[PDB]
Structure formats: structure tokens, C-alpha cells
Amino acid sequence: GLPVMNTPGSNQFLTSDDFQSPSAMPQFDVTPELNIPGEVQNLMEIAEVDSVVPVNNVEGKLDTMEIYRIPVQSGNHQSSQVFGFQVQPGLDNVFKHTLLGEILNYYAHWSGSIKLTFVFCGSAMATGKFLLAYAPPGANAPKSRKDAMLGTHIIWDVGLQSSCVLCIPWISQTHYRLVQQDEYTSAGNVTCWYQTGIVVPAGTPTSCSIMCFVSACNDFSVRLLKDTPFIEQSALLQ
Amino acid sequence: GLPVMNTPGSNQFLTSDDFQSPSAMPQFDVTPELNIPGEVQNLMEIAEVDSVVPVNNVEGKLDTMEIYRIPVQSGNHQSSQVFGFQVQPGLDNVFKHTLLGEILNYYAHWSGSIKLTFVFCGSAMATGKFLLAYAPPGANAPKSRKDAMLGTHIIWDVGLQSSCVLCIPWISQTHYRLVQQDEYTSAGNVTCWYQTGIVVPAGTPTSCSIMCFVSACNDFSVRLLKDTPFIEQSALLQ
Amino acid sequence: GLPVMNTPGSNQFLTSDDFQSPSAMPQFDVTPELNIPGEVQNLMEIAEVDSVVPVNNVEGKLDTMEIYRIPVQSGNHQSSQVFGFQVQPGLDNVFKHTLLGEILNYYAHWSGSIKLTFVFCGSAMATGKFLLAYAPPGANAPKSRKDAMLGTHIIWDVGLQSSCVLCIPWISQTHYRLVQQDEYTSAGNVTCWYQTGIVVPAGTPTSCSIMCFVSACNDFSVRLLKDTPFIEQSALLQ
Amino acid sequence: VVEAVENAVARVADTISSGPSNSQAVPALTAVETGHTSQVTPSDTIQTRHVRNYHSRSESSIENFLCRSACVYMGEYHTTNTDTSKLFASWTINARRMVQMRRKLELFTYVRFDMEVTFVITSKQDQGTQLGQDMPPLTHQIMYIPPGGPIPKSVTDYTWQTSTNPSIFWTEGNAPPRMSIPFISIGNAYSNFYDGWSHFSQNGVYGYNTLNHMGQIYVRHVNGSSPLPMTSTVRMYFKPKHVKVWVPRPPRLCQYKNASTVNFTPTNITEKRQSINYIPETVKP
Amino acid sequence: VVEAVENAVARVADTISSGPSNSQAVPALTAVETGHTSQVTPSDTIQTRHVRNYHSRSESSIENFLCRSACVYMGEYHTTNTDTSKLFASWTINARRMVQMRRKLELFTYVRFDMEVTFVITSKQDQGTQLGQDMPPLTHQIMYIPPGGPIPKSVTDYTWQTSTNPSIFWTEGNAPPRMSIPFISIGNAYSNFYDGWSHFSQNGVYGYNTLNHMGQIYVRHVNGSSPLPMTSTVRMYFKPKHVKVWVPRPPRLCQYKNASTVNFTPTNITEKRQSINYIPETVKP
Amino acid sequence: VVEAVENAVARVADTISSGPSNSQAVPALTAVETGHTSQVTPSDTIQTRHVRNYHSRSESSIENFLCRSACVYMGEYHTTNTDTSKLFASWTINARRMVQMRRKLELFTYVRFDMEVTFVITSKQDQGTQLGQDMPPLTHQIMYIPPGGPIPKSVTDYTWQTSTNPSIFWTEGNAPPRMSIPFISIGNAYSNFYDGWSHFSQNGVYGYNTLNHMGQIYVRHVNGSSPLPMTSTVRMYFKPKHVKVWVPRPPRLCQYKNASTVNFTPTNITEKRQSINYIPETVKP
Amino acid sequence: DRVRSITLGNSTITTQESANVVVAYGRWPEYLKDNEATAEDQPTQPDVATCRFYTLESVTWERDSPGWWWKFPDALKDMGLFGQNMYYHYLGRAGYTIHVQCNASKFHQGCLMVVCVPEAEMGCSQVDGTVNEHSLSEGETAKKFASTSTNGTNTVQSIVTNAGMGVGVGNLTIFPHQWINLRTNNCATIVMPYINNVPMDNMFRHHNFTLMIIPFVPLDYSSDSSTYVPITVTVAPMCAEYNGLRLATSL
Amino acid sequence: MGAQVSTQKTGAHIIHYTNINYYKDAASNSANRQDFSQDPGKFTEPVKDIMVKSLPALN
Amino acid sequence: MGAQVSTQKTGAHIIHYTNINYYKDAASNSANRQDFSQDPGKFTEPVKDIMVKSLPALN
Amino acid sequence: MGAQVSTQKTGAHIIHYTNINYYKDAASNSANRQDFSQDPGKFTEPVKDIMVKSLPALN
């Protein structure tokens, strides 16, 4: 017949190949396609949906709803910091089990901007203003409102609209960062402080709470598929 | 997801397959191409080049240059035959290690015409004429010049041009013959005889020699790739 | 069903195949692509960047910056040779760990021209001229300036411009040379000599140093991928 | 004839240049009570430069996400024993016994696709005191039985005639066997979750096993030989292609317990840290 | 329908003919202090002939450089033991344990691609005094668990139901299993180096492990059998495709120490020679 | 979009009809001293009929000649020993140890191509007196180390982190692993022969090893297990594609001696026969 | 051709002996666009209070000096309003202009390499160990490379030949860089855009790039020439943006 | 002969390939890896009245 | 039927092939081996002012 | 969708196929098996003056 020569790679099984193969059921007639609502075409459509962040992950609260609430109150507490955490959307305990984190843990590289939305859940008679700040890598995290005000920040005024968005913009020396972040691809930190304080009238509860949502912007993308470290078994039939 | 069914042949390693595979070095930038002289595009370009045939492969001469020379001399030697061999371009000891033979031993089937060029390497004062004859299969090889003259032949006259070409044309009942030739796909024989004899003046050496070159014509082709039996090892690191 | 016949190569795993394969995550929505600076499309873009050559690789200096400096001084030193080395961009100890060398050690064949840039790092009051020469293979390396002047050379005059380029042109009988160079694919040698000598005024240091950079030209290319001999392990988890 | 097919590349959005502002437009003030997610970009809150972004979302599409091979079953069988049920392997078809592929599939409620199936078979010698014999190459048979077909009782049962069932015959030392399967379900799409029963009286069998019913696989040695016993292991790999999925779900947090249910043990939301303000210091001399 | 797609071939530059010169143009005099690399060709310094160059830079593009399969993990597991943790294999997904592929990937800071995954599984008999038995073909299950899913405790745990996790079932003697994975990361591209921490106080975990978080793999035998014990080894192979890379880096000089860090032992720049002028003589009678 | 691509079929020349002749044209008289090979066909020396030839030279093109997989290396490694250097395999990359592919490549002086690499891994049980145990599937790791990277010292060395080196992880029972490599050489084409030295003094290292320098391969078991020892063998297969070759050479006559040199023992030109006229008679009753 | 002037905010740099300007990968800094953003709140852009030249403290180039490095950001966290905007926000983003000055006389000699390395992840002198942040950075004070192999705990392996990253120091020319050759020029200038795999990031947690100054030819001089030769760095942020305002963090 | 020619996945800052189908069933074809569509508004903006994003969400 | 026909890699001094996509996801397609672009000036000439190469670099 | 359609290898005396590229690098594409060019005169006739073949080679 036709003369041929076999090259390296013959008769191997590569688990990401793309070839044709014979059908074991010739001329099988499939069920017609139905137009079901809610079709998904890209995994980035799921990561653009808000999900609640467990900011209060301290001892004794890992299995209660208190893990989701950030506490604030009235009185002179300006010297106290409200919250703070690192920007590691697939590594930090604060972000790793959210929707965005769960999608990122299937990949090795990520890039893009990140949205954090904050909602105030106090009484309708309480007033206050907060400062939300993001610092780039290169220094230690700020220890006072004066230090934090020097980075990228927004001043949130509580009112009829309940929600304020802090957008973290992509500021990096490389095009992509690692999902398993090290010191070389660090991304910075976020902190919150009292800008004025909380003021309430008589007859209202003094303590209030804040909630935080995370999602991805429209310039976000990931690459380099891998297996996730969150699921495991010790034997078959599981 | 999409319903699918696996066919026979799944997860096998065939050493002559042709598939796509992922790159282990994404976006690697290769060295630019240089225009080097002497680029080869087909193995048939090498088989169309003349190479010297070891016609005198008798005992005691297998490692000397005498293996390449055909002896001729002056005097009455008409009853003596000059040379003769079978036409087996990949099987006979006479043809198997030449360029054409070496290319054919990588294949199983061949077809086409074959060129033999003869060059006279005597003195400028010697004269002579020879008869070069090719006989088709079906009979035994000729035993005299009268028998040999009945097949396909040419009469070579030695002169200012030193070289004469005998072209063996493709005469076969099948389209292809085997490289490992058997009695069914035999191709015939070639023989040489004195047409007149060699004549020299005084002061010249009496003995002379002839050389023979082999190559392939422009209707030649091969098929059915295989491994060659000329190279072998007994362990790795060789 | 449809009649079929399986050929050799079925059910093999060839590590360089290119086929299609089913997706384990149907309709996954990926993160959008971000426009990160510094995208690489070909490995030859990296080999065209200058990198410093460790010309002074003698005993006692393999872990100091002195490995990069070529020493020169004032006075009558014309009979002394400045430096010399072979042209083996992936084999010689002088070139093997540079950018160009590191890229070439992933390949088997290379071809093209090579640029060497020399920079003088003495005081602004020192003057001198040097001869930079490249000899083709076929003879031994020159032993004096008179021998070296017969090959391809340039005369460098030190002045307001600090750098001079010696371009080694592709002069070879084959289109490609081996990265693992042998005597058959040798490429020659490079040598440096005093053309006049170094002259300085009073109050200046007498000794100076020269540095050398290597890179590839725009006719350069490589082929035949292979594994590199510079990295190795003795067990997993490394 | 040749037909040119065009492929549209899809990249992410560029960021536009923006300057200072003082107005009544408040892009950063929203209300999450509506169920709506804010579509704000960095250019709405800070000053930005113009960037041309060339990144592509190609590896996060559903097809590239799911089109890889994963192990779904492994099983053993002997050439010689005293049980006659350990001479062949058999199992019911699903994708619920290996947790990686099954967690990946359960990100969606409904899925529809074709499949590519590969098998990897290996053999080994059973530990005996006296070794030493030459054995010819072993051949294996794989038979698929759709629901309702007769079931083999031994390795010499008439049912291995495989007159209408599709089977594979294979011999060791060759490439792994492979074949493709179309979308075979009596419904319009596969169902990963089913909050219902099998009997109209709201009892019986609950959940997933009500709806799958896709047959069984049987595997045996063909030689019927080997005075010294051997043991084979078979592994099966699935790869979906031509995919469509609907109704995304939150990823599984708890560990799996069995292949039938969604049963779980209560787990935490994450691990702890020192306090709500804790920062690791990394810039120290 | 047929669509014709055109492929532009890319060859290297031709060298042009050049003659003698005596002028003020000084192409060979430069200054490296600027950070600029000189774009001089042989025709600027010597006399040259015209050559038409047909060489192509096709095998040095990033896709052809990285699109090959490499081993990334190997592991063992038994059918019978007294530990119940050695009956299945499990590991966290990365590409940092085999040095060849990981040095090749670390030439760049950021990478983005889809993947093709292949598995190669082999079995063998454990050394016992009494040998001789026939064993049926073995079947293996591979399950992928994304972060947050339940973890198997044994080989009979309910979690191998694999209702939503993707799994592969395979049997020995067939082709190796294979499947493709899309680009799965919460970022816009993968990160090979991360000069940062996990906690905002600049402490905690440093470097690469902060960002990867891509799940685990579990593998078991399905037969649950074999009075005489057997042992299997599984090997995993990665192959990237549809690649993009950014920000090239110098290649790793020192040897690797562990899979978490970039820790190293100080190494030399190269090996030595006799003196700065040493030449090996090769033309001798 | 669809693009139609046309493929030109290339057949051999037809033979034309020719009749008797008596003239001064002498096509059969030539002179080999010029270095020229005669372009004469049968129609110049005999009378011929017209034949339409449909044969094609398709299987003798360089791409179809070289695009097949060949073994280039085989090696062994253990799970348990008392040497700690026999627990992993390692070797330097070349194509000079298996004589078939290396004789095929050496028909040309220079070559340039991309590569497809496949691995075939098998395991077996070490001969012990007491047999019988069940072992889970084994996993293997393959790492490629480019020149300059750190070298593993054991099977638990930190270097298997493979942060930047590319690696493959694989488990037994699946398809063989595979990946593709681009053209990686600092030159414009690979060199099969090098008639030169490494040092400018014409001494040092002679020949091929001066120019290759393409890294190493390391392979280990990932399980770190097996109280009863096992042994694995790995085999590597190369397949070139997108090929270009230059400057053909005469094929190797003598047998190879080692992988570094072209050293040989003197061999004959062919085997003998009876005399310069000997003919085997085959037409006898 | 050798004279240059750069103005940013209320600050200006003049130079009379410059070589050229390096633009890292042909890309100038710019603000984030709408089709690449993910964070939804309106960002703040101070635009002259943050985008101006800040000067760090100087180092002394001696006859045997191995070299120095800084980490960015975290070297500007106490610099005016840039540092204050860093302390009150969760996300920040900025490019930079770097300017290194070192002058000497026509009777001195020496050569320095000035290079910016994105994501410069470093290793510990104990191979079975991890680094801490004090060993990586001291703010506006420089860390010092070493002369031999380092030992002891908690310090970074800092012999100059490996650049503390396990590479060859002569290959660092793959990154954006310039040279200061004392006979040619007296200043280096690099313009660096924002380089990361995500569009914004937290500035306390992640070091975006390291600045390295490494002498290849040591400083030399003769009888009564000046012995004190300092080196000075000056950095200016560009297109600075912040998101996520809350109370100020505390390190 | 029923050949499809389409473009390959490359980078940014000869490139096409050929395919022939060998089998009678479409379930035998290779995967569709080059289709990249999106519709995120289905999950992120599923509201009856449109929200402008520069206007207040309420009032 | 959605077939792509494109040219094969040959030498220099019948040649096209056919491809069909079988799967719904583009991550299932084969590699893009035939895209050859370059932009070296990004790494070798990253300077603000252009340098002519026949002129002096300074002055 | 970037599909190439080209003719299949047949005999002499429906026939085309489809290809899609799945990967970003051209080194991932399959082999170029359908390019058949020749230039034998480079090795068989490398002479400066042309030789007619019906004329004598010399004189």
C-alpha cells in the first residue's frame, strides 16, 4: 500500500487529546433539543455574580451566621479599625470558598479587577460615614486612618441608597498573577475606618452590622486548568 | 453535558497516528529560518544520483578498491564473458549497498526504469567496442554473445566521449515488484561481451578497467515503508 | 454499521499527538482576557536580547562578579593576548548559561549570525584601540596579531561612544550546525589584541576592564526540540 | 471542494481614559435588595489611562472546561478461582463514584452531550511459591448490556455470543481501546439532581437513582487458561463533548458519603484567623 | 459547506549585497547604557553576497514549544492492606513536583491556556510465597474534587457516588484515558510567581501556595477483591494548548529544593578552564 | 466560515511513443567526469509505446518518511531500595542511543522540526518469597529540567515542587501521556555532525556533544509506599513534524560503537559470490 | 540630545548627561477602562497630591559594595498623601517613573546596572524554612546584597551572583533596565506601567516589583580624588487610583 | 472533498488547518473548542425595570 | 458541513487537509500550531526616542 | 468557525475532510503530509554550463 512512517507519540493515551473515534451505536436517533431557561456558555458568567464574604472568620464562629456580619456601633471609636484583609482571591481563607474563589481554584493564573459591595443593615434612623481603602504592595498594612487615606479609597455616606462599591483596579507588573499567590505576585490589602462615627436617637439599638459581597469585573479572565484541592476521597464508592 | 459514545480504538497508542496535542512551552519564540544551500524535499532526489557499483565482489577483494574495477585486456578473448549479474536493486549483493539500494531497503515495493552508466578508464591510445545486453525473465542467462544479442542491447564504441548508458526499461506483468524479490517478481539479468576486442600500440599497458554507475530514472517510485535490516544493536548506548 | 478496518498505531499514546477530546466541564464560562504588557509570541524574541558573557571563567572566580570582567592596562603589553574563545553558542562553558545558550539547549540544530558587543568601562581620560578578530575553521587559533589580522576583524577606537559590535556571519558548508558541536560542524574562534595600547594621564587608575554581551541576529533560527541537560532530580517533590 | 470556516476571537473589554468629575452622577451608590449586581468598572471611581486589552476568555468556556478524560471506575477480575463470580467484572453505569469529575459535573442542574470512552487494562501475576512459565498474550472482552438484556452467570455463559450487544475484543500490548457514545436519555437533557420520588404515593426511591437506568458493563478474559492464576484490573475514562448545560449551582462544600444520596456531615464555612483585623507583616529588615 | 483558511508562512530575513564604503555612517558604534540592543547585520560590517533564505521560525513559537505531554505526578495504591489509607491515592493539583515541565513553565511570569490530561495506570503482583491464581480484569476510578467538596475516608465511602464531581472509570488493557480541561482560575491569567502574603498584616503564607487552590484527585480500585494483594501505580500527564504567556524571565540556574518555595543553594556561574586565552588545538598531524 | 484548501497531486512522468532513428543525435554518449548525471529515458534508446503513468511519489517525501514514533530511551526505577539513587530515573536528552532512528536521522547534515513526545510506563512486582497484597493505583511524575536548573538529590527533595519546570503527573491504567515541543535550539537548525572543538585552542571536546545541551529528564513514583518493593520501566518515543532537512549524506555502513562519537570498526563493502560472471540458474525441469 | 526635563505635579527633575528613557514594554501608564473593570464603586483620583516625585534616602557606593534592592510599593507607604490613600483603601493601582542619580568626576571609573524585576520572589538562607517580611524590605532603607553565601536563620540568601532568586545575574537584562557608566552618563530613567494578573490589588499584601542596583565594575580612583560617592533614587507614581474606602488599617 | 479549513489559535501583539470527517455519525466528530459566546446579563441583571448605573437605584 | 480546509506544512526550493469539529466546547479543539507572528522590538528597542543605527547613539 | 476543508488521498483509473485547530501554538498542529514538491536538478545537474543531452558532452 501507501508507504508510511510512524513518529514518536504513537499508541499513547493523552487525556486532553482531540481525535475522531468510531460510534458504538450507528444511526442512533437522539431526543430533540428543548429550550430550557438558564443556559451557561462560559464559567466567567458565574464569577460575575455577587456572593457573601465570611469576613468574621475567628474562633468560635465558623459554623454560625455571625461569620458573615461586620460589627459597628455608636460612640467614640475612631481609633479602632473596622476590618482588614489581604487581596488573595483564591488563597486567603476570607475569599477561597466564595463563588469567585471556587471558580479560581480550578485554574492557575488570573487577571482583572475586583468589585466589593458593602451594605449597611442598621435602623433607618442611624447615620454614619466610613472610609474604605486599598493599598498596593510594597509596604506594611496601615495602622491608622491617616496612613490608609494615602492609597486608593472611597468615602461612603449611609443614606437612602444602602450600598457602596469599592472597585479594586488591576495594578500589577505582570499580566497574570498566580492563584497560589506568593510574595512575588502579592496584590495588597483592604482596610476600613470610621470617617465620622455612628449617631442614633433614643429608642434604637446601638449596635449594627455591615455585609460585604465580592464579584468580578468585565476585564477578568483565568487560564491554565488544574484540579482543585477542596474535594477528596479515600476509596471508591464515595 | 453532550451525550457521547466511545468506539473501538479508544486510549490506544498507534505509532503512525496524526493528532493534535498540547504544548509544554506556551508562546515559545523560535529562531528565525535561514536559507541554507542544499535542501531536500523527497527521497527520490537522492536515488537519482549516480553511485559506484561493486561489480567485482569475489573472495579476497571485499575491502580494497579492486572491488570496483572490471578487468579487460587486449588479445583474442572473444569467447570470454566480461561480466554478468541479476537485476535485483535491493536484494543482490551487487546493488544493495549503493545509494539506490540503501533507499530501497526502507521500502517494500518499487517500480520504474534503471540507468547503468559505463566508463572506460584506459589509455588514450586504446580502442575497442563492447556489447551490453539485458535479458527479460523466463529463460536462463545467455552463455554466448549470439544468445545475448537477442535481447535488449547496445553497442558501445570507445572514443572521445568516455561514457555509455544502458537503460533498463520497466517490463513487468505487475505494477510493482518486491524489494525482497522472489521468483514470481524476477526482473532478468545483464551481461557484457567483446564486440571486437581491445587494440593498443606499443608502449602502452595492456590491461584496462571499466567502472559502472547506477541510478534511477524519472518514472521511479517506491511504497510501503518498513525498517531496514542493515543496522542493529545488542544493548542501549550504541 | 459502517464497515471499518483498524490500522497500526491504534490505542497508542504518542506524547506529541494533536487530537480532539471530550470536555470534563461542559459549557464552563472562562474569565475574560486582560491586556497585560509584555506578551511573548516566539522564543526567538528572547534570544535577540543582549546578556552578559562570563569570559573570565578561571579557577577561583566562578562565584564572584570578577567572572564578567576582562582586564586591560597601560604600558607595553602588545605581545600579550587579551582574550580568546571558541564559537560554540550552546556547548562552550563561556556561552552555555547565557540567554542565547539557554534557549539553544532546548534544541538540536541552530543557524544564523551572532552579535558580540564590547563596552569599555575605564575612566573618561583613558584612550586606546583594540583589534577584534574572528577566524574560520580549518587552522589552529592565531598566536600573534599578525596572524589574527588575516581573518574577519574590526578595529575599535575608544571614545564618546562606548560600545563596538563584532558581527560573526554565518559561514558554513551545511545549512544547520549541531547544538552539541563536534569537529565536523566546528565554527571557529575569536581573539582580541592591542592595536596601540592604553594611555592615561597622571591621577587615574592604570587598570581597566571590558565587558562583552552576546545576542542573535534577525536571520537566526533553531529546530529539533529536545530536553535540556541542566535540570535534574533524584525523587519526586522537588 | 474546500470550505472556509471563520472563527470569531472574543477578547475582554478595554479600559477607557477618565478624568476628574464633580456632578450628580453617583455610579458607586446602589442597592443590593433588588437582586441586581452592579456593573461598575474602575473608570467610574478613579482616574484611568487607556489600555488595549488582548486577553481572551477561551479556556473558561464550558467545552474547554469539561472536555478532558477522567477516571470513573476501576475493577478487578481473575483467571482462576473457587468462586466463579470473581472471574468477571460487572458494574452499573454512572459518574458518581470518583469525586473529582462528579463535583465538576454538579456545578449545573442539567447537562447534555456525547461521550468518548477509553479503557485501560493491566494484568499481573498472583503471588505463588513456584514461579516460571511463559504465557501467550491475553485477550479481554468488554460487553455493554442495555436495561432488559440477559445477564451472564459465568465466563462460559451463552450470553457472551454478543449477537446484538456491542462488545470490544482487545489484546495486551496495543493502544488502549476507545469508542464514542451519543446522547442516550429518554429525557431532553440529563438530570444531576432530582427532588422527587419513584412512586405516585410520594415514597419508594428518592433522588438520583430514579432517573438514570443506563445499563451495565461486563468484562472477562477470553483465553480461559493459566494453571498459574493471574489478576487483571480495568479502568474506565469518560470525556464529554458537544456539551450544553443549564441552571448553575453553588459548588459542593461538604465531602461526599455514598454514590446514591447527597448525604453529608456538617462542615465549617472556612478556617479561622486571629482577629477581624489580622494582617501578616512581610516587609521587615 | 467548505471554508478555505489561509496560513501565512513566516521566514527569516534575506541578506542583501553590499560593497566597499568610506563615509561618516558608523553602524558599529553604539552605547549599551541606553538599554537598547543593536540591530546590526553582517551587511553593515563586511562585504556580502545576496542570499535568499528559506528558513522558518516555526518550531520556536510558544505553542509548538509548550504543546507536548509531560509527567507531573506518580502514585501508588493497594487492593489489600492493614492501613485503609493505602487503599487509595490522593493529591493536590499543581505542576511543581517534576522539574522538567516546571522549569519550562517558569520562563514566563503569567500563563493562560486549556489543558489535555492523560493517565497511565499499571498493576503488579505483590511478592508472596504461594503464587498462582487467575484474576479478572481490574477496574479503576478517578475522581476530581474541587475545593470545598467532601473528602473520602475509605474505599467504600459514600462520596464515590460522584453525583456532581466528574469521574473516569477505566479497565486495564484499553487505551489510556484522556480528557480536556478549560482555563479555570479566578484571575485573568495563571501566576507562576507571587511576591506577596496571604494575610493583610504581611505574614502568614508566602509565595505560590496563596493563589493556586485548584482541588484534588482521588483514585481507587473498583473491584474490592484479590485475596492475594496487588499494587497499582498511576501517572498523570499534562499538555497545554491555546496558550498565551507574558513577561519573560531568566531561566532557573540552581537546582530545586521543594515544591512550595523558590529556595536554593548557591551555585557557580559556569565551570572553569585553564586561562582566559586557552584554545584547544585540533589541527595536528 | 469555511476555507477551501487545494492539494496538488504529484505523479511521475509519462513515457512517450518513439520510433526508429538514424541521425547524429547521440543521447547515450556522455562523460561522467563533469560531475553530471545523465537524464536519459528508455524512449531515447529503444522503441516505446505510450503509457499514462498514475504512480505518485507521496510516501517518499521527507515528512511522510520521518513522521513516525520511535523509541529513544528506556530506564528503570524502584519504590524501595538501599541506594536512594535507584528510586528515580534521570537522563540527558538526545537521539543517539537507539540505532534505528539515529541512522534514519543521519542521512542529512542539518534538520529542523517540532516534536511530539509520548511515554509508556509499566510496573511489576519484585521477586519475594511471601506474596499477596492489594496495592492502590500508582502515580508517576515526569519533570523536564532545562540546563542550569537545580538537580534533585532524592525522591523527597524540594525540587519536585516544579514551580517553573513543566511536569506530567500520570496514573496507571490510562492512555499514555503525550505532549508537543517546539524547535528549541540557539542555532538556525539542528546539527547532526560537527567537525570542530569546544575550545579555541583546537582541543577539549570533539564532535557532537559540543552543540546539543538540551536539558535532562527525571522520573519518580509519587506514592512513596509499598512495603513490598516494585519496579517500573519508562520508555520514551519521539515523532518529528513540520520538518526541513539539508545536505544529504551517504548512509552509515559500519555499526555504531557509542553515543558520543562516530567511531567504527572497518567493515567490508558487501559479501562475496563465486566469480564476476556467476548466474543462478532457475529454469530447470 | 543629552539634556532632559521631567515635570510631575509640583516637582521637576533636570539632567544634563542622560542616555535616553526606557519605556518598560512600549506601554505607558494609563487609567483602567470600563470593559476591563470588576469593582463597581466610583474610584478616587487625587492626580497631583499623589503623582509627584518622592526621594528616598541615599546609599554610599564603596570600593567593595555588592548592591542594593528596594520593594515597590511599601517603600512609599509613609510618603505624603500617596501613603495616606494607601492606608484607607482596599484596592490601589499605579504606574511609576524611576530616576537614579550618581555623579562623579572624569578621573573616576565604575559601572552600575539599574533593573526593575516584576514579582521578584526570594528564597531563605535556610532551605528548610520560610522568609519573613522584615528580611524582604525595610521601607525607604535599602537591603544589602552580600559577598558570599549567607547563613543563620530568617535572613534571605543574598549572594549577588544568584540575585537571591536562583538565576544567573548576567541574564537580568531580560527585564527593563539601564546602565550608569561613570564615563558616559550620570542618571538612569525607567517608566514602568501597571503589571499584574488582576486589574487592581491590595498594596500592603503584594510587592509589585523590586528595584535592584548592582555594580558590575567596582568604583576606583587615585591619589587625592574624592572618596565619597553617593547614589540617590527618586520615584513618582502615575495614574493612581483607589477603591474600597473604609477605616485605616494598622500594621 | 468536503474539507474544512479554519484558523488556528495564535497570540497577539500558515495559521490555518484542515479537517476531514471520516464517519457517518456526528457523535464521532471531535470537540467544538472554538466557540466563544457570552450572555452574563441573564444572571447578573435579571430585573424587570432597567437600571442605568449613573442614576440612583431607588427613589 | 462546517469543514475547514487549510494548507499543510511543506518544504521549499494535495497539500491541504480537512478538519471537522465534533464537540460543543472550544476547549476540546486541537492546538493552534500554525500561527507565526513576532514583535521583538518590545524587548530589544524599548526606548522613548528612536535610534537610527547609522547615526551616533549620543551627542 | 475557522474550518479548513481539503481533499483526501484517493486512487485513480465525499472525498474531502474537515479540520479545526484547537490550540494557540502552531507546534500543536498535526503534520503536513500533503505537500509534494521536487527539485532534483540541484543534485543531479549542478554544472555551470547547460548540457543538452542530444549533443556530445565535450568538444
# chains A, B, ... in the order shown; residues from 1 in each chain; ligands from 1

$ residues_around --residues "residue 272 (chain E)" --least-positions-apart "2" --cutoff "12 Å" --atoms "only C-alpha atoms" --output "list in words"
residues 54, 55, 56, 57, 58, 59, 60, 61, 62, 63, 67, 92, 93 and 94 of chain C; 268, 269, 270, 274, 275, 276 and 278 of chain E; 199 of chain F

$ interface_residues --of "chain H" --to "chain E" --cutoff "6 Å" --atoms "only C-alpha atoms" --output "JSON, numbers by chain"
{"H": [4, 5, 6, 7, 9, 14, 15, 16]}

$ interface_residues --of "chain J" --to "chain A" --cutoff "12 Å" --atoms "only C-alpha atoms" --output "list in words"
residues 9, 10, 11, 18, 19, 20, 21, 22, 23, 28, 29, 30, 31 and 33 of chain J

$ interface_residues --of "chain D" --to "chain F" --cutoff "9 Å" --atoms "only C-alpha atoms" --output "PyMOL selection string"
chain D and resi 1-7+71+118-122+124-129+175-176+233-237

$ closest_atom_pairs --of "region 12-59 of chain J" --to "region 21-27 of chain F" --cutoff "9 Å" --atoms "only C-alpha atoms" --output "JSON lines"
{"residue": "J:53", "atom": "CA", "partner": "F:27", "partner_atom": "CA", "distance": 5.5}
{"residue": "J:54", "atom": "CA", "partner": "F:27", "partner_atom": "CA", "distance": 4.6}
{"residue": "J:55", "atom": "CA", "partner": "F:25", "partner_atom": "CA", "distance": 6.3}
{"residue": "J:56", "atom": "CA", "partner": "F:26", "partner_atom": "CA", "distance": 6.9}

$ write_last_selection --atoms "N, CA, C and O atoms" --output "PDB file, in the first residue's frame"
ATOM      1  N   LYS J  53      21.932  16.995 -23.757  1.00  0.00           N
ATOM      2  CA  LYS J  53      21.657  15.551 -23.745  1.00  0.00           C
ATOM      3  C   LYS J  53      21.438  14.911 -25.112  1.00  0.00           C
ATOM      4  O   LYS J  53      21.451  13.684 -25.211  1.00  0.00           O
ATOM      5  N   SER J  54      21.295  15.689 -26.176  1.00  0.00           N
ATOM      6  CA  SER J  54      21.364  15.111 -27.508  1.00  0.00           C
ATOM      7  C   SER J  54      22.674  15.435 -28.198  1.00  0.00           C
ATOM      8  O   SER J  54      23.012  14.785 -29.189  1.00  0.00           O
ATOM      9  N   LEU J  55      23.408  16.401 -27.693  1.00  0.00           N
ATOM     10  CA  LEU J  55      24.717  16.840 -28.123  1.00  0.00           C
ATOM     11  C   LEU J  55      25.801  16.082 -27.376  1.00  0.00           C
ATOM     12  O   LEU J  55      25.557  15.518 -26.307  1.00  0.00           O
ATOM     13  N   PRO J  56      27.009  16.024 -27.923  1.00  0.00           N
ATOM     14  CA  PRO J  56      28.130  15.473 -27.157  1.00  0.00           C
ATOM     15  C   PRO J  56      28.394  16.295 -25.906  1.00  0.00           C
ATOM     16  O   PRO J  56      28.106  17.492 -25.845  1.00  0.00           O
TER      17      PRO J  56
END

$ interface_residues --of "chain I" --to "chain G" --cutoff "9 Å" --atoms "only C-alpha atoms" --output "ChimeraX atom specification"
/I:41-43,45-49,57-59

$ residues_around --residues "residue 230 (chain C)" --least-positions-apart "6" --cutoff "9 Å" --atoms "only C-alpha atoms" --output "ChimeraX atom specification"
/C:105 /E:253,255 /F:92,145-151,213-216

$ write_last_selection --atoms "N, CA and C atoms" --output "CSV table (one decimal), in the first residue's frame"
chain,number,residue,atom,x,y,z
C,105,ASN,N,19.8,25.2,24.2
C,105,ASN,CA,19.9,23.9,24.8
C,105,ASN,C,18.6,23.1,24.8
E,253,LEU,N,18.8,28.7,37.3
E,253,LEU,CA,20.2,28.2,37.3
E,253,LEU,C,20.4,27.1,38.4
E,255,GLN,N,19.4,24.3,41.4
E,255,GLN,CA,18.5,23.1,41.5
E,255,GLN,C,17.4,23.4,42.4
F,92,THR,N,20.1,12.5,30.1
F,92,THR,CA,20.3,13.6,29.2
F,92,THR,C,19.6,13.4,27.9
F,145,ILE,N,14.1,19.3,33.0
F,145,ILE,CA,14.9,20.4,33.6
F,145,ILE,C,15.8,20.9,32.5
F,146,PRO,N,15.6,22.2,32.1
F,146,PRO,CA,16.5,22.8,31.1
F,146,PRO,C,17.8,23.1,31.8
F,147,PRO,N,18.9,23.3,31.0
F,147,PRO,CA,20.2,23.4,31.5
F,147,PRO,C,20.4,24.6,32.5
F,148,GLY,N,20.9,24.4,33.6
F,148,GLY,CA,21.0,25.5,34.7
F,148,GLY,C,20.1,25.3,35.8
F,149,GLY,N,19.1,24.5,35.8
F,149,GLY,CA,18.2,24.3,36.9
F,149,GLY,C,18.7,23.4,37.9
F,150,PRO,N,18.1,23.5,39.1
F,150,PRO,CA,18.6,22.6,40.2
F,150,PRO,C,18.3,21.2,40.0
F,151,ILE,N,19.1,20.3,40.6
F,151,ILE,CA,19.0,18.9,40.3
F,151,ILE,C,18.5,18.1,41.6
F,213,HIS,N,23.3,20.3,24.3
F,213,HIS,CA,22.9,20.9,25.5
F,213,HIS,C,21.4,21.3,25.7
F,214,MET,N,20.5,20.2,25.8
F,214,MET,CA,19.1,20.4,25.8
F,214,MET,C,18.4,20.0,27.1
F,215,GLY,N,19.1,19.8,28.2
F,215,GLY,CA,18.5,19.5,29.5
F,215,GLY,C,18.4,18.0,29.8
F,216,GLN,N,17.6,17.7,30.9
F,216,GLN,CA,17.5,16.4,31.4
F,216,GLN,C,16.1,16.1,31.7
